[PDB]
Each structure stands twice: as C-alpha cells, then as structure tokens.
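Encoded as structure tokens, the structure appears first; notes follow it.
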Amino acid sequence: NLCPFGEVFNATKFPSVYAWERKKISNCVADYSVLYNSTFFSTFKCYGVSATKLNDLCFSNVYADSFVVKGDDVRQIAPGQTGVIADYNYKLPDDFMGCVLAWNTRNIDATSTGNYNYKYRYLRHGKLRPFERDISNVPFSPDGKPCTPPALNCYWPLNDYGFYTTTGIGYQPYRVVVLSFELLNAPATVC
Amino acid sequence: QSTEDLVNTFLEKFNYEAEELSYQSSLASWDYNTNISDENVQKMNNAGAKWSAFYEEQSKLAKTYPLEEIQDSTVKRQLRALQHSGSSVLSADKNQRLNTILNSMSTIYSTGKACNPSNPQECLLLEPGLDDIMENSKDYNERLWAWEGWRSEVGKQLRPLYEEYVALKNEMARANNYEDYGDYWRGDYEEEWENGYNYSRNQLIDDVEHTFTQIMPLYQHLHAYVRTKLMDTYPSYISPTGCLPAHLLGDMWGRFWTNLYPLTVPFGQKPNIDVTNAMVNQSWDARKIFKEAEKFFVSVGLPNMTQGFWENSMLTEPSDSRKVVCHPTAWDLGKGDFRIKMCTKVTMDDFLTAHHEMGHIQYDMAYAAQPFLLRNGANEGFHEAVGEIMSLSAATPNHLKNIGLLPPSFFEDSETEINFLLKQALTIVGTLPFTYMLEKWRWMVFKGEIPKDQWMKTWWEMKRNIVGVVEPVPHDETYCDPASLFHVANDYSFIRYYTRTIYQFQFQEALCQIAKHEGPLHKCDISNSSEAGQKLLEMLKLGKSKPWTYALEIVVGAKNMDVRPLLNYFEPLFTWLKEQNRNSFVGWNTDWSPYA
Ligand SMILES: [Zn+2]
C-alpha cells in the first residue's frame, strides 16, 4: 500500500495559485519520517496537528494542494489571515488544518529577464468560501455591466506575479504544498 | 460604488503596474553604470521611455476624479501625487520650444571652453582643467583669467535663452494655477493637515529669513578671520575693511570655503588625525571597511545589511575591460534589491563615505512597507540629513579608538579641536549665505519684481550686501553670472541644501540627549545606544504618509526649523574666533571695489 509521495512533492511544473490543483492521494503510505528530518522546507508548520504522532496516525483521504506564491504570501496561508490571496485565490478552512510545506525555489522558477508564467487574482466580487475554486476570467467593474477594453472603472481580474532572480527573499518564488487530512470520513485509506 | 471606491481601485492597479516597469528601468540603468557601452545606453533609453509614458496616462486618468470627495487622508495623499500634472497643461509647440531651450543651455555649459589670454593655443575645458586651475592657483593673474573666461563665453551665450527660459516657465505655472514659477517650486514644502500641521508656501520664505538673521554673527566673525589670513598671501590686493574678491575664494562660483583651509589653519604644527596608514599596517580591505560600517549600525540597533546586497553590489573598482562611473551612489532598485556602487580604496575618507552611503540605504529599507506612491522621504532635506549624522559620529576619535585604528595612548588636545572645528566651519557656515542669496534672486526674477534690464545689476549688489563678496572686474547686463552655475543652467532648486543643514544638527542634538553624552556636541558619539537608534527608526518608518512637520516633531519635539543646535556645535570655535577678531575690524563695506 505504500506509494511514493515524491512525484507530486517534486514536479517539473506546479500550477498557479488561482488554479490551485487538488490531488487526492489515498491508499498511499508515507512514513513522515523524512518530513521531520529534511531541512529542505524553509518553513514547516502543522496548525492542525503536533505531528509527533503523525507517523502512527492513520490517514483517511489525504489531499495535496500545490501552488506557487511569492515568499510574503506564505504566511497568508494560515488560519484566518485573510489578506488578499487567501481571500481571493485559495481559502483555508479555519477549523480544518493539516501540514503546510514551503520551500524557496528561486533558481528553478526565476531568471534574470524574469518569469511571468504564474498568476494571481486581485479583484473579485465576494469572498471565497473554504476550499472553493474560481477559474473564471470576467471583464469586471464595481457597477456591473462590464466594459471589455478601455472604459473607466473596468479592469481585468488577473495579474502576473513576475518573479526575478535579483529580487529579495520575500519577492523570491516559493513552492508550497498544503496537505489536508480528512479525519474519519471513511475508514483510513492510509495506515 | 462610491467616489473613493472608484479611486481606490484605480490606485490599486496603478501600483501593481508601476512596480514592474520601475524595476525594469532600474536594472537597465544599473547595467549601463556598471559597464559603459553603446547598446547599454540604447537599452536604458527604451526602458525609461516606457515608464514615463505609462506615468503620463495614469496622471490624466487620475485628474478626472474629484479629490475633495475622498474622505480618507491616506488615499487623498496618493491621489494628490498622481494628479499634479504640471507640464501637461502647456501647449505642444510651446512644449517643444521650451524643450529645445533647455537642451541648448545644457550643451553650452558642458562644451564651454575658456582660452588663455596669454596663450591663444591653450584652451581649457571646465571639467578637466579650469577647476583645477582655480583650485590650486595662488596667482592673482591666473585666477582672474579663469574667472573671466568662463564668465564671458558661457554667460553671454546663455542669457538670451535664459530670458525665454523664464517667460514660458511662468506661463505654465499660471496655467497650473501657481502664481509664478517660484511658488511652483515652493509647493513641495507646503503641507495640509487638520490639527495644526499646516504649512504654506508663504510661510517658508519667512522662516528662512528668521533663521538667516540668527546665524549672521557667526558668519561675520569667520569672514574677518579669513580676511586676515588671506591678507598674508595677498597683501596688496585686499584692503581689510573691504569685501573679499570673488575669484580668490577657491571655487569658481565661491560656494565652498574648504580649499582656503591650508592658508587658514589655526595651528600649523599640530596635525589632524589620519588613520589611513594604520589601515595599511593592519591590511584593511574594502570588504573589511564595509563590514565595520555595518557593525556600527548594528550596535545603535538599526537592522544589519541584507544577504543579497553583499553579493550584487560592486564594492570594488572593476578590473580590465569594464568601464565604470566613478561617483559613489546608493541604489534602491526596487523589489527588495538594495545595492551600493563605489570604488573603494583604503583611505580615511572612504571609511567615512561608506558610513554615509549605508545610512541612505537604511532609510530605503525602512519605508519599504509604505505604498508605492508614499515610498519616499518626507521632504527634500530629510534624506540627506539622515545620512550625514552617521558620518559625524564615525569621525569622532572615541569611535576610532574602539575600532583600534587609533591608539589608546592618543589623547586629543585643545589645539586639534580648534583645527577640526574651523575646517568644519568653512564647509558648513560658508555655504549658507551663498545658497540663500541665489534662491533669493531666482524667486524674485520669476515673479517679475526685478526687471530684465536690471537683472545683473541686482545680482551683484546682493552679493556685496549678503555674502560680502565683490566682483573683481565690473560686469555688463549682457553677462549672465547666475546662469554659469550648473544648477541654474539645469533648472535645479537649491533651497534643499539650506534646509538640510538646519535639520541635521537638530537631529544630532536630540539623539545625543537620549544617549546621555556629557560634554561638547562635537565630541558626542551615538554608538552603542539602542534607544537613540530606536526613535530614529520610528521617524524613518513613516516615510511620506504624514507631514514633514509631524515627522520633525516626533524626533526633536518641535514642529519648526530651529537654528540653535547649529550654534551650540560651533560655540567653542566662536569664542576662540572672537578673541582673534577682537582687535581686527568686524564687518564689511560694500563700497570698496577691486576695480574701484
Ligand atoms: Zn548622501
């Protein structure tokens, strides 16, 4: 039943935050020992659990969420802490938490000319509800009646992140995986 | 959607776009400065153009949004900055004509050459020749040729352009609703806040006058002392009572009295301390010098330098092919990137320079949290002043003794202290009268108080009255002496320099009080005091969010400019000066002319 967690842990491409990928890994066993040992993660925090007991704990229907955010945005991914990207791009239920892993990956994701591939949504009507994905690209306007191109007060809702090699650490790209653990929804897929 | 809701969303996106393009332009500029090549110029130009174009469109969009409607001060300040749009109002061909005038004057100043009367073949460009001659020469004849030559070639050519220069500037100002170009210039100091932090352009002029009257005695005593010292080198030329001749001051425009120091040293035998060879004995290196400067900041409690800065910054002159700009500069590229570009040689002066540059970088770090529009020093003067005080404390002997470059045995004596103070006075006290009069004349010309036919006449009369400086040879209306100075030619205000000097001394006095130093102000060192650093930090953090009056109040307890700390710093020197000048006459007579 043990299956490597390495391949989603490491991939050629991780998606943008607005289109956060959700991965269902169930019936895949991870020792969790390497989690504690490796310092590959600049920040490792499990709000939901102490994690001392993670290895013994049986896991049911675990979820992996993978996205790229800049370093400043990493703290926003926490209980509460709504800010902007938690509010509009990825929402974490306050009650339910698992373990959050964040590592700098400046050399792979940034270059001198810059990488503009990653995207974030800065304008939205309403607030994201927990674990909900909005993929739509509406023209946008606080008055409704969206005007597609140059009219006053109408703007596109998506902005490129623009990572660069020369930038400071907060600006530098961070790849973050959030694993979410559903407790006892079904008999534990992982034991 | 309410008025400010529309305003905030607009400001919201303006900021995002601006950050990216500003960074690209900054990177191009850095590349050109580090390596000088023609396509680096080309790339630099392209990036700059796009940034400027983007700004103009945003400014136009901003202006069609009522400002009074906004009820939040933070938002209003940001909209206000975008809305200024000063030159947009003027007509396009009026626009074009003005641009041509400006380009022409800059070129004339740069390429101007003055040829020796005695040798027709010898012709000297100002940048690598004329200044050197004025700096080193002790011959009256030689100094005179240089002064007159620059005066005659550049000034006469510049004057027709200058007059057209003035008229159009005034026109755009009135289109923008300012009374004249002068208050267009005076606008930056002006601030509006509800509970008595209000400042107005009218008030600034009055404040300058009051400060000037107070520092007047100290200047006259210095003038008398300089009078006697130069009498020894030029006995026939200067009649005591009379004002000093313009050419002999040591600078072409007479801005600084620094080079007069070898002639004027109070005590020849005692030497000013220099730790350069000590650094050589201890094998100090450029990286070493920078590391020590960082340590000084850490002990006062301000944050240590970033990981990245050390790697990307050019701390040494590049070897071989790369061509570099010599001047030391501090760069805030943006996006968390801070760099210092300088060529460092092991010298005492460089140790001091490193501290000053570091100070500028620290403030840049402090205001980063503030919004893109508000990411700046509160006023023109504040940024320079913050860098300056750090250098002063580094320069004190106790700090050097702690470093170990200065031996423990060394004891400072009264004679050295007087020598140090006079050197400082020549640079600081001497500059203020010149700065005041220059701005004085320009403002009057812009409003039209002075008629064009009397422009030169008034300028020279003012020099005699305020700075005690008399022209060596009489000058016709065709000559344009103010235009010869670089700032006037390139349209730069000089009001900033006067204000900065007052601010720096106030900051130092307050910080020393927190540190509880007992003794003379010149002796005080702020090193190893956490508390002094902390309060400085609070002022640095606010940036431009709140007014300049409020910021000054936070550190020193006073809303307005106060000249008293400056006087306290120079008080020991003043008593000594008074005793020397007790016998000789104090003051000057405007009537005396070298030409007579
Ligand atoms: Zn500076």
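In the structure tokens, each chain is lettered A, B, ... as it comes, each chain's residues begin at 1, and ligands are numbered from 1 in order of appearance.
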
Give me, as a count of residues only, the residues of chain B touching chain A, with the criterion being at most 7 Å (counting only C-alpha atoms). 6

Can you build me a table of chain B residues sitting at most 7 Å from ligand 1, with the closest atom pair per residue and its distance in Å to one decimal, using only C-alpha atoms and all ligand atoms, sorted by chain and residue number, as a Markdown table?
```
| residue | atom | partner | partner_atom_place_in_ligand_line | distance |
| --- | --- | --- | --- | --- |
| B:356 | CA | ligand 1 | 1 (Zn) | 6.3 |
| B:357 | CA | ligand 1 | 1 (Zn) | 6.4 |
| B:360 | CA | ligand 1 | 1 (Zn) | 6.6 |
| B:384 | CA | ligand 1 | 1 (Zn) | 5.1 |
| B:387 | CA | ligand 1 | 1 (Zn) | 5.8 |
```

Considering only C-alpha atoms, return as a list in words whatever protein or nucleic-acid residues lie within 7 Å of residue 104 (chain A), sequence-local ones (same chain, fewer than 5 positions apart) excluded.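 Result of the neighbour search: residues 42, 173, 174 and 175 of chain A.
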
Could you pull out the alpha helix (DSSP H) residues of region 189-309 of chain B from DSSP and send them as a PyMOL selection string? chain B and resi 201-233+261-264+276-281+286-300+307-309

Sel. of strand (DSSP E) residues, chain A, as number ranges by chain: A: 21-25, 43-45, 60-70, 99-104, 119-121, 158-160, 173-182

Please list as a VMD selection string every residue within 9 Å of region 22-39 of chain A, counting only C-alpha atoms and excluding residues in the same chain fewer than 3 positions away. chain A and resid 1 to 5 8 42 to 44 51 to 52 54 to 56 59 to 66 188 to 191

If we count only C-alpha atoms, what is near residue 318 (chain B) at a cut-off of 10 Å, once residues fewer than 5 positions away on the same chain are taken out, given as a PyMOL selection string? chain B and resi 34-35+323-324+342-343

Can you tell me which residues surround residue 68 (chain A) at a distance of at most 10 Å, considering only C-alpha atoms, apart from same-chain residues fewer than 3 positions away, and format the answer as a PyMOL selection string? chain A and resi 13-18+20+71+73-74+102+105+109+118-120+161+173-177

Can you pull out the residues contacting region 48-51 of chain B? Cut-off 9 Å, using only C-alpha atoms, and skip same-chain residues under 3 positions away; I want them as a short mmCIF file (atom, residue, chain, number, x, y, z; two decimals) with C-alpha atoms, in the first residue's frame.
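Dumped to selection_31.cif:
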```cif
data_model
loop_
_atom_site.label_atom_id
_atom_site.label_comp_id
_atom_site.auth_asym_id
_atom_site.auth_seq_id
_atom_site.Cartn_x
_atom_site.Cartn_y
_atom_site.Cartn_z
CA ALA B 18 4.21 50.70 -11.74
CA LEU B 21 8.21 48.79 -15.03
CA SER B 22 10.12 50.78 -12.46
CA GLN B 24 12.99 47.07 -15.41
CA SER B 25 14.15 50.64 -15.87
CA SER B 26 16.29 50.44 -12.75
CA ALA B 28 18.89 48.85 -17.24
CA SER B 29 20.38 51.88 -15.52
CA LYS B 43 18.51 49.71 -23.80
CA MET B 44 18.49 52.25 -20.98
CA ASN B 45 16.69 54.79 -23.12
CA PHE B 54 2.88 54.93 -18.55
CA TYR B 55 3.03 57.58 -15.86
CA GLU B 56 1.51 60.24 -18.07
#
```

Separation of CA of residue 11 (chain A) from CA of residue 70 (chain A), in Å and rounded to one decimal: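 Spanning CA of residue 11 (chain A) to CA of residue 70 (chain A) is a straight-line distance of 17.9 Å.
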
Which distance in Å separates CA of residue 573 (chain B) and CA of residue 216 (chain B), to one decimal?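 CA of residue 216 (chain B) lies 15.3 Å from CA of residue 573 (chain B).
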
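Nearest residue to residue 439 (chain B) among B:238, B:208, B:540, B:378 is B:208, counting only C-alpha atoms.
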
Atomic separation - CA of residue 168 (chain B) relative to CA of residue 199 (chain B), Å: 27.8 Å
